[PDB]
Amino acid sequence: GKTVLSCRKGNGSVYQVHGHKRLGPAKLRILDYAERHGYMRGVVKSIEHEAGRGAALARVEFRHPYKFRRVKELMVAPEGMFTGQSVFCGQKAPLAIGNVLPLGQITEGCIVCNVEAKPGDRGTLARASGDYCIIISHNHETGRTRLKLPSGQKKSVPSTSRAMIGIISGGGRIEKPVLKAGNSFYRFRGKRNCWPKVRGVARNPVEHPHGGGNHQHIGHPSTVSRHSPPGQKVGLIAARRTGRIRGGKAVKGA
Amino acid sequence: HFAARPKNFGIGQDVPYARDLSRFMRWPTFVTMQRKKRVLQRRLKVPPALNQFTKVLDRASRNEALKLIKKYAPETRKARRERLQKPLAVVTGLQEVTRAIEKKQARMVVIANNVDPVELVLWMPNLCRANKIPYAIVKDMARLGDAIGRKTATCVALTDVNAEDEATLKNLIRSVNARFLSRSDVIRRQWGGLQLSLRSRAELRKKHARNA
Amino acid sequence: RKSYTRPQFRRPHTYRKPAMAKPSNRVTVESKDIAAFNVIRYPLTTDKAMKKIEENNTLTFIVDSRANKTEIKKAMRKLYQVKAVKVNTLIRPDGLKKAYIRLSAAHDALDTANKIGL
RNA sequence: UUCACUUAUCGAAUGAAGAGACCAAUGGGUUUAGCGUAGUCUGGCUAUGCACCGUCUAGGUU
RNA sequence: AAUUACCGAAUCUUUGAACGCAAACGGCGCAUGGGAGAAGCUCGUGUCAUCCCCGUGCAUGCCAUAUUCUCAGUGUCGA
RNA sequence: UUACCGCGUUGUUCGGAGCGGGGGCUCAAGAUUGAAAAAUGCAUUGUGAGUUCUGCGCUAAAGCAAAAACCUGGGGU
RNA sequence: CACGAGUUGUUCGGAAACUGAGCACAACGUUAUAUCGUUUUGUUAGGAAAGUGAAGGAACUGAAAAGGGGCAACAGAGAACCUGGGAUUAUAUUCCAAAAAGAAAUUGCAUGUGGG
Ligand SMILES: [K+]
Ligand SMILES: [Mg+2]
Ligand SMILES: [Mg+2]
Ligand SMILES: [Mg+2]
Ligand SMILES: [Mg+2]
Ligand SMILES: [Mg+2]
Ligand SMILES: [Mg+2]
Ligand SMILES: [Mg+2]
Ligand code: NA
Ligand code: NA
Ligand code: NA
Ligand code: NA
Ligand code: NA
């Protein structure tokens, strides 16, 4: 047979992201001496929308620590940020929406966003539209903090990694029905070439493991192994369970 | 109308003066590697054969020995050509020095401690000890080369001296044997290396204090 | 060499000896009184050329295809003791370059044409 | 096999842009081993164990 | 000799390994030596700014070298 | 100085964070007077309709490319 | 089919001289094999990639400036000129001659005037 589409997508030829209109990576400040031993103050200059993303972005201006210059950053805005606001980053910062402080200084039971997994990563968790983490506990002996991630899993990170207070903006986005194929067309035109989606049973045997037959059906179970080679790993991959769940919904993940 | 206008160099505040960044700068690769090599040779555990080259002669005795060798330095091209139209010296060169050691002609041997392929002289103290030849290990092959008139030198052997310097040579042999030939068992036994950094040592000391 | 104020090392400034001038690798004799004969080839005798001579004080020449207007003016002055106030050039569809040369009003193109032998 | 170490190795950040100590050892020395005490070793002196000395010096604030 | 044959002296446009930088461009440079220039300046000359033309050198890598060229290193020493 | 009323568009609005009246500063697009220009071209000077550049300032889970080149200021020189 | 002719620019289009989706020289790595890979999300390369302002006592000399060189749009950015001609057999915002039929705009270098 011929190559399957999920394997063709790994060359990334016409399946790469559409990023001409994007503004750049969104990241916190660099963890440097001033942030480790004091605080820095910045001012919010503008709030903008970038194609392909559901949250707002904020342009924040600081002063260069070492030269006579101005430094502009681009972060993901929490809900409530406004232009002309003052933002503090570092150890001696107060507690307010938009301030960046270490997790060891944030009190227990608070709501945070833009969390660093490792100190200096510049923010990798809770960055989509309406997401946030919750601080569960501190442990002064080992210097670690336990959080509840947006998926429900619990993770422990060093107390030296930073986070921003609040919730990401743009919440409630997926609550509106789309109603039209044109709306989906325009949604994915800003992300990548992945829509519309044809069905494996509607393809031919040379193309997909599910294709062929005088009726449209899969001849074999659609639950596949974790050790299957590429091209064979289509369907429900290493599924622990199938069907409609009755009762409480567990967490999904390793 | 002269007055002080002090500057504040705290976090925030005024733009600071140009600080020295030597310790946190990105250097060339060869600089980095040549420093890390010394760090590694300190940290690791060094066998006795290699460690014997770290314990050297004292500065005063090294100065006296190099003075004697300079006094008996060999001839130059100009001097040899001005001669031979009508002397006693040291023996220089690895092959000639080895032959003098293997016979009993040598009366003392000086060995440089920083030869680049160390296998050129690693075996020399063992041979001088198998014979009964007094020997010393000194600080620089560049200094030995300056003594004899070349750029560097790996080793030098004294075979014959004049009566004006016989007493000096005897005292030198005694002082050299005090440090090298008489301590052969300790030399054969002693391992080396295993040094912590100052940072690690201070951390250990602080931890012991806190846990006590 | 003492104190560095930048976070990265950059090659220092050293002494650079300038490149000497070699003996020339050309041996041919070239004459300075000959180049104008290469620049200007020969005139044209068609009806348009004659009309221009009689009406606009203009002469028409076939010139070297790689020459430019400044060189054509200088060669014109050297070969015939006249002053050209304008040169217009075109490259013909057969590959040759043709020039329209207008002389200053102090010179008669008809007299110059008679001297040339047109 | 479980505990500790850091230099091999692995990961991240940065334009390699401010690590640690000075608050003193279970630390280093004949080119920061100088000097005692007690054993052991070959006459120039070492080794082991303990004691003192040098390296070793500053300062916001209370 | 506008004859032939052979060969020792020469000439040898634009390219191409193509190598100053480029290229569906007869394009654009840096250093150095020349040429022409009834602009101006001066006593028909001499001189000449901007513009124009011509010769030579200028790729990367490696080897050797510097009457003993200029440097860099919390590499090893020693003043 | 405005008493929740007043201003304004074909149209979805503006006002003690300054409506309206008097007098002014400025910007954009036009008009007019003249030089060009009659020395040229060929053998008048008024209304109504249509069309551009312009102005009316700036669908959406879709929200309006970048750089050279140039302009103005803050400072020192 | 034969012979003879015809395309004129300081300003028009391009280049000189922009960046885009993109390409891939150097450097490095890989391969028995470079005819392979990375090379714009600020951005080469274990990585020493800057070559000249002001200078002072006519050329030389060297302080301060992280992030190598280049290409890719004749519909994007950029771009100083307009009419009349009785001026061709065929070209013209390209030709016309001292009353330039004429009227302008702009670039480089010089010279006088005024101001400074
Ligand atoms: K390549
Ligand atoms: Mg079918
Ligand atoms: Mg032309
Ligand atoms: Mg070329
Ligand atoms: Mg025909
Ligand atoms: Mg265009
Ligand atoms: Mg043009
Ligand atoms: Mg026609
Ligand atoms: Na199949
Ligand atoms: Na079906
Ligand atoms: Na089915
Ligand atoms: Na690009
Ligand atoms: Na281009």
# chains A, B, ... in the order shown; residues from 1 in each chain; ligands from 1
$ closest_atom_pairs --of "chain G" --to "ligand 12" --cutoff "8 Å" --atoms "only C-alpha atoms (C1' of nucleotides) and all ligand atoms" --output "CSV"
residue,atom,partner,partner_atom_place_in_ligand_line,distance
G:20,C1',ligand 12,1 (Na),6.7
G:21,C1',ligand 12,1 (Na),7.7
G:22,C1',ligand 12,1 (Na),6.2
G:40,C1',ligand 12,1 (Na),5.9
$ write_last_selection --atoms "N, CA and C atoms (P, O5', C5', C4', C3', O3' and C1' of nucleotides)" --output "PDB file, in the first residue's frame"
ATOM      1  P     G G  20      12.359  40.001   5.083  1.00  0.00           P
ATOM      2  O5'   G G  20      11.020  39.755   4.270  1.00  0.00           O
ATOM      3  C5'   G G  20       9.758  39.859   4.906  1.00  0.00           C
ATOM      4  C4'   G G  20       8.632  39.317   4.063  1.00  0.00           C
ATOM      5  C3'   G G  20       8.683  37.850   3.695  1.00  0.00           C
ATOM      6  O3'   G G  20       8.258  37.013   4.751  1.00  0.00           O
ATOM      7  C1'   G G  20       8.006  39.138   1.830  1.00  0.00           C
ATOM      8  P     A G  21       9.086  35.709   5.158  1.00  0.00           P
ATOM      9  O5'   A G  21       8.266  34.509   4.535  1.00  0.00           O
ATOM     10  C5'   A G  21       6.865  34.400   4.708  1.00  0.00           C
ATOM     11  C4'   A G  21       6.242  33.691   3.542  1.00  0.00           C
ATOM     12  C3'   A G  21       6.929  32.414   3.115  1.00  0.00           C
ATOM     13  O3'   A G  21       6.516  31.307   3.892  1.00  0.00           O
ATOM     14  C1'   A G  21       6.447  33.754   1.220  1.00  0.00           C
ATOM     15  P     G G  22       7.573  30.266   4.492  1.00  0.00           P
ATOM     16  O5'   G G  22       8.277  29.650   3.210  1.00  0.00           O
ATOM     17  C5'   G G  22       9.684  29.529   3.116  1.00  0.00           C
ATOM     18  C4'   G G  22      10.164  29.872   1.732  1.00  0.00           C
ATOM     19  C3'   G G  22      11.569  29.441   1.379  1.00  0.00           C
ATOM     20  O3'   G G  22      11.649  28.077   1.018  1.00  0.00           O
ATOM     21  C1'   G G  22      11.231  31.664   0.687  1.00  0.00           C
ATOM     22  P     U G  40      17.067  31.035   9.064  1.00  0.00           P
ATOM     23  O5'   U G  40      16.688  32.181  10.092  1.00  0.00           O
ATOM     24  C5'   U G  40      16.243  31.871  11.405  1.00  0.00           C
ATOM     25  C4'   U G  40      15.018  32.667  11.775  1.00  0.00           C
ATOM     26  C3'   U G  40      13.782  32.387  10.926  1.00  0.00           C
ATOM     27  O3'   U G  40      12.606  32.495  11.728  1.00  0.00           O
ATOM     28  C1'   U G  40      14.388  34.659  10.716  1.00  0.00           C
TER      29        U G  40
END
$ interface_residues --of "chain C" --to "chain A" --cutoff "12 Å" --atoms "only C-alpha atoms" --output "short mmCIF file (atom, residue, chain, number, x, y, z; two decimals) with N, CA, C and O atoms, in the first residue's frame"
data_model
loop_
_atom_site.label_atom_id
_atom_site.label_comp_id
_atom_site.auth_asym_id
_atom_site.auth_seq_id
_atom_site.Cartn_x
_atom_site.Cartn_y
_atom_site.Cartn_z
N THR C 5 34.21 44.51 29.97
CA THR C 5 32.91 45.04 30.35
C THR C 5 31.78 44.50 29.50
O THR C 5 30.64 44.94 29.65
N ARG C 6 32.06 43.57 28.61
CA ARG C 6 31.06 42.93 27.77
C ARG C 6 30.95 41.45 28.12
O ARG C 6 31.93 40.85 28.57
N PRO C 7 29.78 40.84 27.94
CA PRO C 7 29.61 39.44 28.32
C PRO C 7 30.19 38.42 27.35
O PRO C 7 29.93 37.23 27.51
#
$ residues_near_ligand --ligand "ligand 13" --cutoff "9 Å" --atoms "only C-alpha atoms (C1' of nucleotides) and all ligand atoms" --output "PDB file with C-alpha atoms (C1' of nucleotides), in the first residue's frame"
ATOM      1  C1'   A G  17      19.389  50.882  -3.468  1.00  0.00           C
ATOM      2  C1'   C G  18      13.884  47.869   0.326  1.00  0.00           C
ATOM      3  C1'   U G  19      11.862  43.960   2.524  1.00  0.00           C
ATOM      4  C1'   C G  71      19.878  36.547  -3.351  1.00  0.00           C
ATOM      5  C1'   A G  72      14.343  36.436  -4.021  1.00  0.00           C
ATOM      6  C1'   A G  73       8.397  41.491  -6.365  1.00  0.00           C
TER       7        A G  73
END
$ residues_around --residues "residue 203 (chain B)" --least-positions-apart "4" --cutoff "12 Å" --atoms "only C-alpha atoms (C1' of nucleotides)" --output "list in words"
residues 196, 197, 198, 199, 207, 208, 209 and 210 of chain B; 5, 20, 21, 24, 25 and 27 of chain D
$ residues_near_ligand --ligand "ligand 7" --cutoff "9 Å" --atoms "only C-alpha atoms (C1' of nucleotides) and all ligand atoms" --output "number ranges by chain"
G: 11-14, 79
$ residues_near_ligand --ligand "ligand 8" --cutoff "10 Å" --atoms "only C-alpha atoms (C1' of nucleotides) and all ligand atoms" --output "PyMOL selection string"
chain G and resi 90-92
$ residues_around --residues "residue 162 (chain B)" --least-positions-apart "4" --cutoff "10 Å" --atoms "only C-alpha atoms (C1' of nucleotides)" --output "PyMOL selection string"
chain B and resi 72+88+166-167+169
$ residues_near_ligand --ligand "ligand 4" --cutoff "8 Å" --atoms "only C-alpha atoms (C1' of nucleotides) and all ligand atoms" --output "PDB file with N, CA and C atoms (P, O5', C5', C4', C3', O3' and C1' of nucleotides), in the first residue's frame"
ATOM      1  P     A E  18      34.538  26.431  -8.747  1.00  0.00           P
ATOM      2  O5'   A E  18      35.205  27.741  -9.336  1.00  0.00           O
ATOM      3  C5'   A E  18      34.466  28.647 -10.136  1.00  0.00           C
ATOM      4  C4'   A E  18      35.212  29.930 -10.368  1.00  0.00           C
ATOM      5  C3'   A E  18      34.405  31.016 -11.064  1.00  0.00           C
ATOM      6  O3'   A E  18      34.741  32.281 -10.499  1.00  0.00           O
ATOM      7  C1'   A E  18      36.351  30.558 -12.313  1.00  0.00           C
ATOM      8  P     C E  19      34.010  32.809  -9.170  1.00  0.00           P
ATOM      9  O5'   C E  19      35.136  32.749  -8.061  1.00  0.00           O
ATOM     10  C5'   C E  19      35.357  33.825  -7.164  1.00  0.00           C
ATOM     11  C4'   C E  19      36.823  34.135  -7.016  1.00  0.00           C
ATOM     12  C3'   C E  19      37.512  34.608  -8.286  1.00  0.00           C
ATOM     13  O3'   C E  19      38.544  35.537  -7.954  1.00  0.00           O
ATOM     14  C1'   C E  19      38.491  32.588  -7.560  1.00  0.00           C
ATOM     15  P     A E  22      28.520  36.592  -3.725  1.00  0.00           P
ATOM     16  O5'   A E  22      27.325  37.422  -4.358  1.00  0.00           O
ATOM     17  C5'   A E  22      26.479  36.884  -5.355  1.00  0.00           C
ATOM     18  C4'   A E  22      25.836  37.993  -6.139  1.00  0.00           C
ATOM     19  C3'   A E  22      25.069  37.585  -7.379  1.00  0.00           C
ATOM     20  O3'   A E  22      23.747  37.178  -7.092  1.00  0.00           O
ATOM     21  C1'   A E  22      26.533  39.340  -7.914  1.00  0.00           C
TER      22        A E  22
END
$ residues_near_ligand --ligand "ligand 2" --cutoff "7 Å" --atoms "only C-alpha atoms (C1' of nucleotides) and all ligand atoms" --output "JSON, numbers by chain"
{"A": [202, 203, 204]}
$ closest_residue --among "C:90, C:85, C:59, C:27" --to "ligand 3" --atoms "only C-alpha atoms and all ligand atoms"
C:90
$ atom_distance --atom1 "CA of residue 163 (chain B)" --atom2 "CA of residue 90 (chain B)"
15.7 Å
$ closest_atom_pairs --of "chain G" --to "ligand 1" --cutoff "10 Å" --atoms "only C-alpha atoms (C1' of nucleotides) and all ligand atoms" --output "Markdown table"
| residue | atom | partner | partner_atom_place_in_ligand_line | distance |
| --- | --- | --- | --- | --- |
| G:24 | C1' | ligand 1 | 1 (K) | 6.9 |
| G:25 | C1' | ligand 1 | 1 (K) | 8.4 |
| G:34 | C1' | ligand 1 | 1 (K) | 8.2 |
| G:35 | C1' | ligand 1 | 1 (K) | 9.9 |
| G:36 | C1' | ligand 1 | 1 (K) | 7.3 |
| G:37 | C1' | ligand 1 | 1 (K) | 7.3 |
| G:38 | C1' | ligand 1 | 1 (K) | 9.2 |
| G:39 | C1' | ligand 1 | 1 (K) | 9.5 |
$ decode --residues "chain D" --atoms "C-alpha atoms (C1' of nucleotides)" --output "PDB file, in the first residue's frame"
ATOM      1  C1'   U D   1      22.530  -3.577  47.911  1.00  0.00           C
ATOM      2  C1'   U D   2      21.248   2.489  50.791  1.00  0.00           C
ATOM      3  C1'   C D   3      23.071   6.669  52.018  1.00  0.00           C
ATOM      4  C1'   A D   4      26.372  10.780  50.898  1.00  0.00           C
ATOM      5  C1'   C D   5      29.865  13.248  47.019  1.00  0.00           C
ATOM      6  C1'   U D   6      31.046  15.668  42.104  1.00  0.00           C
ATOM      7  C1'   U D   7      34.565  15.775  38.062  1.00  0.00           C
ATOM      8  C1'   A D   8      32.317  11.943  33.703  1.00  0.00           C
ATOM      9  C1'   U D   9      27.354  12.167  31.491  1.00  0.00           C
ATOM     10  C1'   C D  10      22.324  14.247  30.763  1.00  0.00           C
ATOM     11  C1'   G D  11      18.521  18.613  30.700  1.00  0.00           C
ATOM     12  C1'   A D  12      17.350  24.053  30.745  1.00  0.00           C
ATOM     13  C1'   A D  13      18.448  29.519  30.500  1.00  0.00           C
ATOM     14  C1'   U D  14      21.357  33.532  28.833  1.00  0.00           C
ATOM     15  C1'   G D  15      23.840  38.651  24.262  1.00  0.00           C
ATOM     16  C1'   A D  16      27.384  32.506  29.120  1.00  0.00           C
ATOM     17  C1'   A D  17      25.349  40.069  33.000  1.00  0.00           C
ATOM     18  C1'   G D  18      26.840  40.077  39.295  1.00  0.00           C
ATOM     19  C1'   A D  19      28.595  31.980  42.144  1.00  0.00           C
ATOM     20  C1'   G D  20      30.560  31.176  46.886  1.00  0.00           C
ATOM     21  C1'   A D  21      33.243  32.822  51.252  1.00  0.00           C
ATOM     22  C1'   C D  22      34.697  36.622  54.558  1.00  0.00           C
ATOM     23  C1'   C D  23      29.798  34.254  59.906  1.00  0.00           C
ATOM     24  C1'   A D  24      35.991  29.907  59.481  1.00  0.00           C
ATOM     25  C1'   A D  25      36.748  23.032  59.365  1.00  0.00           C
ATOM     26  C1'   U D  26      36.249  16.294  59.435  1.00  0.00           C
ATOM     27  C1'   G D  27      40.116  22.361  54.853  1.00  0.00           C
ATOM     28  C1'   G D  28      45.113  23.820  52.106  1.00  0.00           C
ATOM     29  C1'   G D  29      50.746  24.359  52.561  1.00  0.00           C
ATOM     30  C1'   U D  30      58.606  23.094  52.209  1.00  0.00           C
ATOM     31  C1'   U D  31      56.795  28.495  46.189  1.00  0.00           C
ATOM     32  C1'   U D  32      50.759  30.669  52.561  1.00  0.00           C
ATOM     33  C1'   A D  33      54.786  23.630  56.849  1.00  0.00           C
ATOM     34  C1'   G D  34      56.198  27.998  60.813  1.00  0.00           C
ATOM     35  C1'   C D  35      56.546  25.618  65.568  1.00  0.00           C
ATOM     36  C1'   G D  36      55.631  22.024  69.990  1.00  0.00           C
ATOM     37  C1'   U D  37      54.207  16.960  72.341  1.00  0.00           C
ATOM     38  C1'   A D  38      54.386  11.429  71.939  1.00  0.00           C
ATOM     39  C1'   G D  39      55.798   6.877  69.049  1.00  0.00           C
ATOM     40  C1'   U D  40      58.084   4.878  64.673  1.00  0.00           C
ATOM     41  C1'   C D  41      62.237   5.210  60.219  1.00  0.00           C
ATOM     42  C1'   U D  42      67.939   6.565  57.481  1.00  0.00           C
ATOM     43  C1'   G D  43      72.703  10.684  58.419  1.00  0.00           C
ATOM     44  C1'   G D  44      70.525  15.652  54.905  1.00  0.00           C
ATOM     45  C1'   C D  45      65.344  14.293  57.358  1.00  0.00           C
ATOM     46  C1'   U D  46      60.624  11.915  56.918  1.00  0.00           C
ATOM     47  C1'   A D  47      55.580   9.021  58.306  1.00  0.00           C
ATOM     48  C1'   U D  48      51.442   8.601  61.716  1.00  0.00           C
ATOM     49  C1'   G D  49      48.377  11.155  65.999  1.00  0.00           C
ATOM     50  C1'   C D  50      47.188  15.482  68.616  1.00  0.00           C
ATOM     51  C1'   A D  51      48.155  21.279  69.848  1.00  0.00           C
ATOM     52  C1'   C D  52      49.212  26.267  68.446  1.00  0.00           C
ATOM     53  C1'   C D  53      50.388  29.580  63.754  1.00  0.00           C
ATOM     54  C1'   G D  54      49.943  31.608  58.575  1.00  0.00           C
ATOM     55  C1'   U D  55      46.349  31.665  54.347  1.00  0.00           C
ATOM     56  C1'   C D  56      42.029  34.711  57.076  1.00  0.00           C
ATOM     57  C1'   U D  57      40.201  40.895  55.824  1.00  0.00           C
ATOM     58  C1'   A D  58      35.341  44.409  54.997  1.00  0.00           C
ATOM     59  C1'   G D  59      30.092  46.099  55.659  1.00  0.00           C
ATOM     60  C1'   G D  60      22.995  47.791  55.176  1.00  0.00           C
ATOM     61  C1'   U D  61      20.114  47.139  59.184  1.00  0.00           C
ATOM     62  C1'   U D  62      18.973  45.689  64.828  1.00  0.00           C
TER      63        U D  62
END
